[PDB]
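> This one's experimental. Sequence and coordinates below.
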Amino acid sequence: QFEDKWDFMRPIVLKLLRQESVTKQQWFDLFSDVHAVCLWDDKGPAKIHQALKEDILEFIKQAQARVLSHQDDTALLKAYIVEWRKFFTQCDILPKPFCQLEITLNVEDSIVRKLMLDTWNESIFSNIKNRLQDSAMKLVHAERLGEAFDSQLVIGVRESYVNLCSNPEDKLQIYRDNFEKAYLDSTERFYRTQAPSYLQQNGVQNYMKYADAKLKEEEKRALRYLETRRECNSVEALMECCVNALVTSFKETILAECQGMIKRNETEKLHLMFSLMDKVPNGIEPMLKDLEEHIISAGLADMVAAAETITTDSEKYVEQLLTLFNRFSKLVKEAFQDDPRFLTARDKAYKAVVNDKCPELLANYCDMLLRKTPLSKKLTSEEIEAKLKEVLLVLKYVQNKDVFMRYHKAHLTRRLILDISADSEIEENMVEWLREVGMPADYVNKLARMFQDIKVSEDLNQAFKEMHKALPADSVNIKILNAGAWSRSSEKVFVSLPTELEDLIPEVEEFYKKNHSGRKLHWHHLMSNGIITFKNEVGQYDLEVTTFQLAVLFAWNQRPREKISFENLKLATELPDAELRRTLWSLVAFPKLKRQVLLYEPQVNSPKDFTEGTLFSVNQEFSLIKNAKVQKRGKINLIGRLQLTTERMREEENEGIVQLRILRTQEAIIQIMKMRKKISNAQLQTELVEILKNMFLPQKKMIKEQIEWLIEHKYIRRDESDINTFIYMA
Amino acid sequence: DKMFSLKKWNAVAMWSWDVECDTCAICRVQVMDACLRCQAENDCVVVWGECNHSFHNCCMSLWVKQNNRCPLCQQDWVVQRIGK
Ligand SMILES: [Zn+2]
Ligand SMILES: [Zn+2]
Ligand SMILES: [Zn+2]
């Protein structure tokens, strides 16, 4: 029975419990006798645990004294650890001589081991415990103060907490519930005290740096003072606690810093913040907001202000938009570590910037860049393209893409009629560029067609340059264009031409008809221009003038000193007052000239100042002036704006767009209804918005009107039970 | 050797289909006047095809529903311009 075997076992058991030199023979004497106890004595398994409890307790009490006696908290832990190590060692050794006990009452689940761990707690680790913990925490505090005590003292304590609760059901019960708890009590307490002491005198960024540093140090302490054996998970929560207690609390001020850093593009300071506030469950999200706000505000501020100063300054419009894009793009790439959330905040905000709303201006601006303007003359062909390349972004954001393209195309048409592009390639680039934006092929293709048409027109031109030998063929360049596209309007300001031209046109028409049967010319003299040698008393100067001006000037070909009235010129040219006045004005008041082509009695400031009785004559003193000297020959342009885009044309294009929107909407409805035979207004409107999205945003009012039309014209019909539901008809 | 001796002329003109600026062809009212539907149930405006043929937008839209080709020739239809 137990009382027969235990007397031989105990001595050995004690040695196991005191970590003494248990011999192999003793290992087995005990082991064999352990089995005998459990087998022979029905209560053996219990008695052996009891005797063990007593033997264990004796050791534990010795250990307690060996630790407890040390009123010095650190000496205490040193002793604790020492005793602990011996204790733990036996915890893992004893179950071996006692396998038979553990099997009858698995050395891993060892009941004795449990009793040992429990006894340790009962006498030491759940009482001197108070000091074990206070000490460990004072030491953890020391590590935080800078008093980097030998980490092992706290680690040791933690190892004990963990091992004591090694029970597989909750291997971290004590550790987590008490050590991590205490850790946090000390962590938060320490830093809830120090984190403010820091900021109290330190700047926000200084604190933030300290804070993050503290967090890194805490990660190290977590690897040391806290457990690493397993995933732990709660250990992360502890880091979250550090953040919350310290950083999130402070976040209330850090976000103010965010806004400031954004305004100054202080990406490094904001970079730190990004990381720190990302850790803060409710920090980085407000930062997203701040970014969005600044970008939109910049639009409402920087973009809009620019637009007002810009008028025609395309470079600034373009660059300002793109400067903002890039300024903030950079910010996000650095300050916000290229994080998709900030990229999105930016994307949305900037989209607003772009739509904060007149693509028609952007179009005018692209024209300025593309064509040979004083603006474009300062740019290398590559720079012109580059600016546009960046503009791609703007247009992608622009909702009403059709607006931009309408105006752009209107400008292209003109550019190709007059050949006033910066160069040829920039035009080709622009077309491909629009494709790069992702713009509607309808417009982009038409632009491409404009170039193809010029090619065809020039084939014809060449024929005339070779055949007409009124003038020396070659001298004339005739562009016969596709009216359906090039005749942007029905504005055909017919003008009576010089004999040299009037006697040519019949041949142009003749030849044209002989090769273009079924076709009809539209003599768009308005866009026609040419060069005449201006014979003066002082010399011979070529003039680059409009066809209308040629007709005006024609009046004096054989009589330079005769006065011809405004009205007589009107008649000679068969012009309307509006155009006549404009062309005359240039002839008698073109900018930058020291000499005007025509002289006249009353003077004008602007075209409107001419009167029917205004007499004009040929400026026989006309000359290209150089260094204030009269040249014997030269060349002067008197066209300028006479052939350049007015509020009238701008509005005509505007309505044209509106009508296109209407037409496309109506067609889209039909297409949708063919696809889905019966759908709600919501479904219809949704699909319409999507289909037309790459051009513009459809308005429900317009859609409604198109629906009514389509109903009236039997393309669709309303559902008998729902006026919002439509059914394809016919 | 006249006062303004022609040296160069950059002539610009467009072309369209000849016959006469008459009727609409689908319908038949003057291309510049109201169309079968407006002038009767009273904005009938104009539309062009890449083929340079022009009709009232209202007449060519109705026709395109039977087949998407130009009434006069028979090439695939494509709006060139809606502007007047
Ligand atoms: Zn109509
Ligand atoms: Zn046709
Ligand atoms: Zn018609």
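Sure, I can see it. Numbers count the residues shown, from 1 in each chain, chains lettered A, B, ... in the order given. Ligands and ions are numbered 1, 2, ... in the order given.
> Once you drop chain neighbours, what's closest to the residue nearest the centre of chain B?
Centroid-nearest residue in chain B, with C-alpha atoms, centre = their mean: residue B:54, separated by 1.9 Å. Excluding the flanking residues, the one nearest residue B:54 by C-beta to C-beta, 6 or more residues apart in numbering or on different chains is residue B:48, at 5.0 Å. (C-beta placed from N, C-alpha, C; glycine too.)
> For that neighbour, give the beta-bridge partners.
residue B:54, residue B:81 (DSSP bridges).
> What of residue A:727?
Per DSSP bridges, residues listed as beta-bridge partners of residue A:727: residue A:678, residue A:717.
> give the contact list for residue 30.
I'll assume chain A. Neighbour list for residue A:30: A:8-9, A:12-13, A:16, A:22, A:97-98 [criterion: C-beta atoms under 8 Å, 6 or more residues apart in numbering or on different chains].
> Not quite, go with chain B.
Residue B:30 neighbours (C-beta under 8 Å, 6+ apart): B:21-24.
> Can you report how many residues lie near residue 36?
Using chain A here. Neighbours of residue A:36 under the rule other C-beta atoms under 10 Å in any protein chain shown: 19.
> let's do chain B instead
Using other C-beta under 10 Å, residue B:36 is surrounded by 17 other residues.
> ok so it is a helix residue?
No: under DSSP: H, G, I helix; E, B strand; the rest coil, residue B:36 sits outside any helix and is assigned coil.
> What sits closest to it if chain neighbours are left out?
Counting by C-beta to C-beta, 6+ apart, the residue nearest residue B:36 is residue B:27, at 4.3 Å.
> for that neighbour, helix, strand, or coil?
Under the three-state scheme (three-state DSSP), residue B:27 adopts coil.
> now it: how far from residue A:484?
19 Å (C-beta to C-beta, to the nearest Å).
> Spell out which parts of chain B neighbour chain A.
Listed as neighbours of chain A in chain B under the rule C-beta under 8 Å from any C-beta of the partner chain: B:1-18, B:45, B:48-54, B:57, B:61-62, B:65, B:79-84.
> so which of those residues are also by ligand 2?
Counting by C-beta under 5 Å from the ion, B:49, B:51, B:53 from these sit close to ligand 2.
> so what does whichever strand in chain B runs longest touch, helix or strand wise?
When chain B is parsed with DSSP state E, its longest strand is strand B:4-17. Under the contact criterion of 3 or more C-beta pairs under 8 Å, 6 or more residues apart in numbering or on different chains; DSSP states H and E, strand B:4-17 touches strand A:476-482, helix A:483-486, helix A:499-502, strand A:519-522, strand A:529-536, helix A:547-554.
> quick one: the fourth one near ligand 2?
No: in terms of C-beta under 5 Å from the ion, no part of strand A:519-522 sits within range of ligand 2; the closest distance is 11.8 Å.
> and if you look at the second one?
No: between helix A:483-486 and ligand 2, judged by C-beta under 5 Å from the ion, nothing touches; the nearest distance is 9.2 Å.
> hmm, back to that, any chance of the ones next to ligand 2 among the residues of chain B next to chain A in CSV, plus neighbour count and distance to residue A:576?
Output for those, formatted as CSV (neighbours: other C-beta atoms under 10 Å in any protein chain shown; distance: C-beta to C-beta, whole Å):
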residue, neighbour count, distance to residue A:576
B:49, 23, 30
B:51, 20, 32
B:53, 21, 29
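> quick one, what contacts the nearest residue to residue A:372 once chain neighbours are set aside?
Take residue A:372 and drop its neighbours on the chain: the residue closest to it by C-beta to C-beta, 6+ apart is residue A:422, 5.0 Å away. Going by C-beta under 8 Å, 6+ apart, residue A:422 touches A:369-373, A:376, A:379, A:381, A:384.
> can you tell me how far residue A:422 sits from ligand 3?
Here the criterion is C-beta to the ion, to the nearest Å. By it, residue A:422 lies 42 Å from ligand 3.
> same thing with residue A:29?
120 Å.
> do residue A:305 as well
49 Å.
> element containing that residue?
Taking DSSP states H and E as the definition, residue A:305 sits inside helix A:304-310.
> now for the helix or strand just after that helix, which elements pack on it?
Using DSSP H and E, the helix or strand that follows helix A:304-310 in sequence is helix A:314-334. Contact here means 3+ C-beta pairs under 8 Å, 6+ apart; on that basis helix A:314-334 packs against helix A:267-279, helix A:284-298, helix A:304-310, helix A:340-354, helix A:359-370, helix A:381-397.
> Turn those helices into TSV, columns for mean neighbour count and distance to residue A:651.
Below are these laid out as TSV (neighbours: other C-beta atoms under 10 Å in any protein chain shown; distance: least, C-beta to C-beta, whole Å):
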stretch	mean neighbour count	distance to residue A:651
helix A:267-279	20	45
helix A:284-298	20	30
helix A:304-310	14	19
helix A:340-354	19	23
helix A:359-370	24	11
helix A:381-397	19	23
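> Tabulate those helices (TSV), appending distance to residue A:430.
Shown next, in TSV, are these (distance: least, C-beta to C-beta, whole Å):
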stretch	distance to residue A:430
helix A:267-279	34
helix A:284-298	27
helix A:304-310	20
helix A:340-354	19
helix A:359-370	5
helix A:381-397	7
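> I'd like to know which of those is closest to chain B.
Comparison of the helices and strands packed on helix A:314-334 against chain B by C-beta to the nearest C-beta identifies helix A:359-370 as nearest, at 15.5 Å.
> so who does residue A:163 touch?
Contacts of residue A:163 (C-beta under 8 Å, 6+ apart): A:88, A:91, A:117.
> returning to what we had before: out of the helices and strands packed on strand B:4-17, which comes closest to ligand 1?
Closest approach to ligand 1 among these (C-beta to the ion): helix A:483-486, 19.5 Å.
> For chain B, what lies in contact range of ligand 1?
B:35, B:37-38, B:44, B:58.
> pretty sure the residue nearest to the centre of chain B contacts residue B:32?
No: using C-beta atoms under 8 Å, residue B:54 makes no contact with residue B:32, being 10.5 Å away.
> what's the residue nearest to the centre of chain B in contact with, if anything?
Contacts of residue B:54 (C-beta under 8 Å, 6+ apart): A:484, B:16-17, B:31, B:46-48.
> thinking residue A:287 is in contact with residue A:271, fair?
No: if you go by C-beta under 8 Å, residue A:287 and residue A:271 don't touch, sitting 11.4 Å apart.
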